[PDB]
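Every read-out reported here was derived from the displayed coordinates using simple, explicitly stated rules and does not represent laboratory data. Note: ideal-geometry Cβ built from the backbone for every residue, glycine included; neighbour counts use all protein chains shown.
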Amino acid sequence: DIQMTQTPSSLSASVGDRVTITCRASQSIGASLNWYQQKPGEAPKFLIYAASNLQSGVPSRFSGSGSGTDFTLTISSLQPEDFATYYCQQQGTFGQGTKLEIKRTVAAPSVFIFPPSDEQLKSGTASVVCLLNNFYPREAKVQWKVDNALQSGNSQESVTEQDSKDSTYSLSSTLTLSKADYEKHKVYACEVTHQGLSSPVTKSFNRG
Amino acid sequence: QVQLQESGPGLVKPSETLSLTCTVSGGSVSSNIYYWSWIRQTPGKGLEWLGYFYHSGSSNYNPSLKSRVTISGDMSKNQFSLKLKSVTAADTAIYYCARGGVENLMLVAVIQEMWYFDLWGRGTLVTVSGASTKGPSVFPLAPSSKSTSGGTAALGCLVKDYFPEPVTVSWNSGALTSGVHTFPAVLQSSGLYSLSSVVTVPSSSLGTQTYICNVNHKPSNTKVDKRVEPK
Amino acid sequence: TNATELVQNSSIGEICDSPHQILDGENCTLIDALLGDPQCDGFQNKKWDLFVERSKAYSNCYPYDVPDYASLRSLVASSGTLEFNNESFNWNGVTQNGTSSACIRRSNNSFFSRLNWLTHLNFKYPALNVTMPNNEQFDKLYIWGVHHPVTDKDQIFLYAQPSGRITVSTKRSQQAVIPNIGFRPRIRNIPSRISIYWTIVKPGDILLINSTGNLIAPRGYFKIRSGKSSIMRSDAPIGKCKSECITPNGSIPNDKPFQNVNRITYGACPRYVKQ
Ligand SMILES: *[C@@H]1O[C@H](CO[C@@H]2O[C@@H](C)[C@@H](O)[C@@H](O)[C@@H]2O)[C@@H](O[C@@H]2O[C@H](CO)[C@@H](O[C@@H]3O[C@H](CO)[C@@H](O)[C@H](O[C@H]4O[C@H](CO)[C@@H](O)[C@H](O)[C@@H]4O)[C@@H]3O)[C@H](O)[C@H]2NC(C)=O)[C@H](O)[C@H]1NC(C)=O
Ligand SMILES: *[C@@H]1O[C@H](CO)[C@@H](O[C@@H]2O[C@H](CO)[C@@H](O[C@@H]3O[C@H](CO)[C@@H](O)[C@H](O)[C@@H]3O)[C@H](O)[C@H]2NC(C)=O)[C@H](O[C@@H]2O[C@@H](C)[C@@H](O)[C@@H](O)[C@@H]2O)[C@H]1NC(C)=O
Ligand SMILES: *[C@@H]1O[C@H](CO)[C@@H](O[C@@H]2O[C@H](CO)[C@@H](O[C@@H]3O[C@H](CO)[C@@H](O)[C@H](O)[C@@H]3O)[C@H](O)[C@H]2NC(C)=O)[C@H](O)[C@H]1NC(C)=O
Ligand SMILES: *[C@@H]1O[C@H](CO)[C@@H](O)[C@H](O)[C@H]1NC(C)=O
């Protein structure tokens with residue numbers, strides 16, 4: 001019956017910054033509001049109880065405040081390990097969540113490329129993998145070229161979640177062709193454009 | 001400390017009854033200040049409380065789930081279970097068991113009912129689908145000059161064409177953790193998942209150290225050990 | 001020459017301090033002033049015709065709950081007084097005057113002024129049995145409580161007894177409580193809890209207290225009576241003026257026969273009617 005609105009949905013802040021997250025209830029809820037912190041791959045952690053009471057294992061830089069309809073969660077001095085999604089909760093309803101990314105110096109990716117294995121090729125498919133390691137920000141553009149032909153519609157990528165200590169990302173991009181298509185062409189290359197790169201970087205190999 | 005751990009199938013066909021069990025270690029499941037709850041999480045909903053249960057027979061359920069939810073307990077086993085009838089693809093989620101309670105505390109001049117969830121399990125993925133399980137193929141991502149930028153070399157495993165999620169990948173039986181990046185799985189057009197797990201190692205160690213990736217896909221009862229060697 | 005209107009429609013927005021004696025709770029609920037929260041020490045032994053409770057009020061002591069909150073709140077509100085009479089109970093064999101860091105008074109660990117946290121003495125907590133006779137001609141109200149430790153270790157270190165039991169009796173009634181050991185969320189870094197209870201002792205009756213541990217003991221009694229005082233929740237300021245009738249929205253004139261400001265009134269008031 002009561003619905004809560006968490007603002008913002010996401011934000012980025014630097015180490016040492018003060019960040020505040022807001023949860024607002026459609027009706028007054030007194031002080032009956034709790035906060036949780038969910039780091040990647042983990043379950044939520046009980047952060048704050050009854051609007052302002054820190055729970056066990058919660059660093060002092062966390063605090064909460066509010067009454068009635070407007071509640072805030074504050075991190076006084078942001079740290080890299082605070083990268084998480086934060087949730088408000090009143091009785092049986094949770095807020096939508098706020099994802100918090102750590103802002104950081106620009107870091108160019110190191111790029112590696114892997115040809116398809118001979119075992120995979122024998123079974124009829126060729127997967128070429130490009131690896132972009134330890135970069136920031138997470139915006140990156142991986143382009144595949146086969147004999148200097150721009151590919152599209154035959155690649156997929158996934159990004160790791162932000163590293164909780166150096167605040168970098170890693171990206172893997174896979175290009176899949178049939179064995180027949182793979183051995184009809186020679187040059188396989190990934191072209192990587194990123195803010196840390198003054199020019200697009202290309203990694204290639206030549207057989208197939 | 002007290003710890004919770006979910007157990008149950010990872011793949012359930014639609015219209016079946018989803019069931020998961022939570023086992024509680026180090027704590028008295030029998031104490032009527034605590035309730036025992038289940039919460040699920042989907043990208044596109046976030047966290048959704050499903051229900052809780054007191055061993056005294058009292059229980060409370062999310063009305064959005066049209067009474068499809070039942071939570072029951074057995075103290076002979078320090079366990080409580082979720083049962084969710086007539087599942088569809090919309091019930092695909094990560095499911096958490098949790099301990100919590102209800103307090104009637106006065107503050108802001110008025111007594112109000114407060115709920116909380118102070119202890120959570122690790123969570124379990126449940127995929128509701130009609131497709132059948134299948135184990136992955138594991139192909140080497142062999143280190144080469146094209147994966148050696150400086151004094152550092154990258155190698156890994158490509159874990160391809162499995163269903164459903166998840167797979168767990170370790171390196172050298174868990175003795176190798178620094179530098180490992182196991183990427184989230186992508187779902188390809190065939191309806192099967194694929195992921196890669198890579199690790200950056202000193203290029204000097206390539207001739208001396210052996211590198212085994214250990215892939216476990218429990219839904220299909222498949223374990224694969226694959227050694228990655230230089231090309 | 002105004003046309004007849006029998007319904008009082010508006011309030012002055014404030015509650016007049018005359019003729020009724022108004023006690024503004026400010027930051028303190030009546031219960032917190034009753035128990036003796038340190039921020040509420042200025043309320044000791046005060047009297048009132050109308051106690052006014054504020055939305056901003058808050059607790060700043062040991063986290064507690066009151067199972068029959070409304071009845072205790074109404075008992076004190078109608079007596080119109082917080083006058084406390086100390087009594088010397090014989091607490092032989094236990095340590096008195098327990099304090100906590102969640103309840104600071106004058107920059108020191110403290111506790112509710114009207115309650116007595118009893119703990120073991122040399123790791124012995126004897127079976128206490130004390131009596132208080134009530135020789136007066138008015139009813140006595142005794143406030144006591146039960147402490148719920150967070151673990152068995154906590155229970156042992158505090159009371160040298162794994163299973164505390166409390167019974168408070170008179171010739172007319174019997175109340176038995178069992179502590180519930182377990183973890184609660186930290187309130188002001190305290191994961192334990194106290195439950196507050198009350199007992200009425202009629203003239204000629206005796207208070208009997210049995211405890212083997214976990215008793216938050218009374219220090220005395222309050223005089224109780226079903227008088228004409230009351231309590232009201234309101235955020236309207238207390239102003240200097242005279243008005244016989246009081247509503248949560250502020251004081252009201254009592255010349256019109258009817259009223260549509262608020263169902264809740266105090267004093268000589270027009271009869272409420274809806275919009
Ligand atoms: C009645 O209660 C109000 C409200 O108290 C406040 O809210 C409660 C819910 C609870 O959280 C209380 O702990 C909390 O104080 C009292 O009014 C507040 O009074 C305090 C101080 O007495 C003020 O706190 C100050 O706020 C400043 C911003 O306006 C801030 O800059 C101050 O920080 C500096 O001072 C503190 C010491 O106070 C020091 O520790 C810091 O390090 C820093 O130097 C300080 O936080 C609140 O702002 C007040 N709030 C309002 C709304 O006025 C009120 O005093 C009380 N009445 C009586 C009679 O007791
Ligand atoms: C007959 O009807 C008139 C007109 O409504 C009443 O007079 C009005 O009474 C209001 C009561 O507060 C006056 O409001 C105040 O006005 C001043 C100046 O504007 C403000 O600064 C102040 O904050 C208040 O808002 C209002 O000024 C007054 N005159 C108007 C509206 O023209 C009259 O009420 C009688 O007079 C008032 C002054 C009080 O003494 C009443 O007790 C009294 O009945 C009405 N008379 C009756 C018998 O109903
Ligand atoms: C636990 O705390 C209570 C109150 O905090 C203690 O009771 C207090 O005991 C002292 C001394 O026994 C009493 O002092 C009195 O002071 C007046 C004026 O200074 C003097 O005229 C009296 O002759 C007497 O010395 C004090 O009144 C009394 N307070 C109450 C409310 O009874 C109690 O002794 C403490 N117990 C322990 C074990 O520390
Ligand atoms: C309380 O103690 C008295 C002491 O004689 C005893 O007679 C009585 O039975 C006790 N009552 C309870 C309920 O333990």
Where does each of C:138, C:123, C:183 land when they are ranked from fewest to most other beta-carbon atoms within 10 angstrom? C:123, C:138, C:183
Compute from the Cα atoms of chain A the Rg and the Dmax, the latter being the longest Cα-Cα distance, and quote both in angstrom. 22.8, 69
Classify segment A:103-208: rounded, prolate or oblate, from the alpha-carbon gyration tensor (a ≥ b ≥ c, eigenvalue square roots; a/c under 1.5 rounded; otherwise prolate if a/b is larger than b/c)? prolate
Between their Cα atoms, which of A:165/B:146; A:122/A:184; A:184/B:134 are more than 20 Å away from each other? A:165/B:146; A:184/B:134
Need the list of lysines near residue C:202 for cross-linking: C-alpha distance under 17 angstrom, and skip anything on the same chain fewer than eight residues off. C:140, C:171, C:223
With only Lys, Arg, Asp and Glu charged, each at its Cβ (+1 for the first two, -1 for the last two), find how big the charge dipole of the protein assembly as shown is about the Cα centre; round to the nearest 20 debye. 620 debye
List the trypsin sites (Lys or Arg not before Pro) within segment A:1-71 that DSSP assigns to loop and that have no more than 16 neighbouring Cβ atoms inside 10 Å. A:18, A:61
Can you give the translational diffusion coefficient of segment C:4-85 in µm²/s, computed by Stokes-Einstein from the Kirkwood radius over Cα pairs at 20 °C and 1.002 mPa s? 150 µm²/s
Using the alpha-carbon centroid of each, what span in Å lies between segment B:41-85 and segment C:202-230? 43 Å
How compact is chain B by the rule of thumb for globular proteins, expressed as Cα Rg over 2.2 N^0.38 Å? 1.28
Zone residues, segment A:77-98, relative to residue A:9, backbone N less than 12 Å from point 7 Å out along Cα-to-Cβ: A:96-98
Specify whether the C-alpha gyration tensor of segment C:21-236 places it in the rounded, prolate or oblate class, a ≥ b ≥ c being the square roots of the eigenvalues: rounded for a/c under 1.5, otherwise prolate if a/b is larger than b/c and oblate if not. oblate
When C:202, C:140 are ranked with the fewest other C-beta atoms within 10 Å first, the list becomes C:202, C:140
Ignoring GluC sites (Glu not before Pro) buried by more than 13 other Cβ within 10 Å or outside DSSP loops, the longest site-free run in chain A is A:43-138
Where does each of C:20, C:147, C:120, A:185 land when they are ranked from fewest to most other beta-carbon atoms within 10 angstrom? A:185, C:120, C:20, C:147
Positive-end residue of A:173, A:151, A:194, charge dipole of segment A:127-194 with Cβ unit charges: A:151
How big, on average over all directions, is the shadow cast by the Cα convex hull of segment A:1-103, in nm²? 5.8 nm²
Net charge, residue A:81 excluded, C-beta distance under 9 Å - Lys, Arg +1, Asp, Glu -1: +1
Could you let me know the centre-to-centre spacing of segment B:106-167 and segment C:1-36, using Cα atoms, in angstrom? 60 Å
Relative to the compact-globule scaling 2.2 N^0.38 Å, provide the ratio for the alpha-carbon radius of gyration of the protein assembly as shown. 1.26
In whole Å, what is the distance between the alpha-carbon centres of segment A:194-208 and segment A:61-125? 28 Å
Would you mind classifying segment C:51-154 by shape? Square roots of the alpha carbon gyration tensor eigenvalues, ordered a ≥ b ≥ c; an a/c under 1.5 is rounded, otherwise it is prolate if a/b is larger than b/c and oblate if not. oblate
Between 0 and 90 degrees, rounded to the nearest ten: what's the tilt of helix C:69-79 against the longest Cα principal axis of chain C? 60 degrees
Using helices alone, I'd like the mean residue ellipticity at 222 nm for chain C: each DSSP H run of four-plus residues gives -39500 (n - 2.57), total over residue count, nearest 500. -2500 deg cm²/dmol
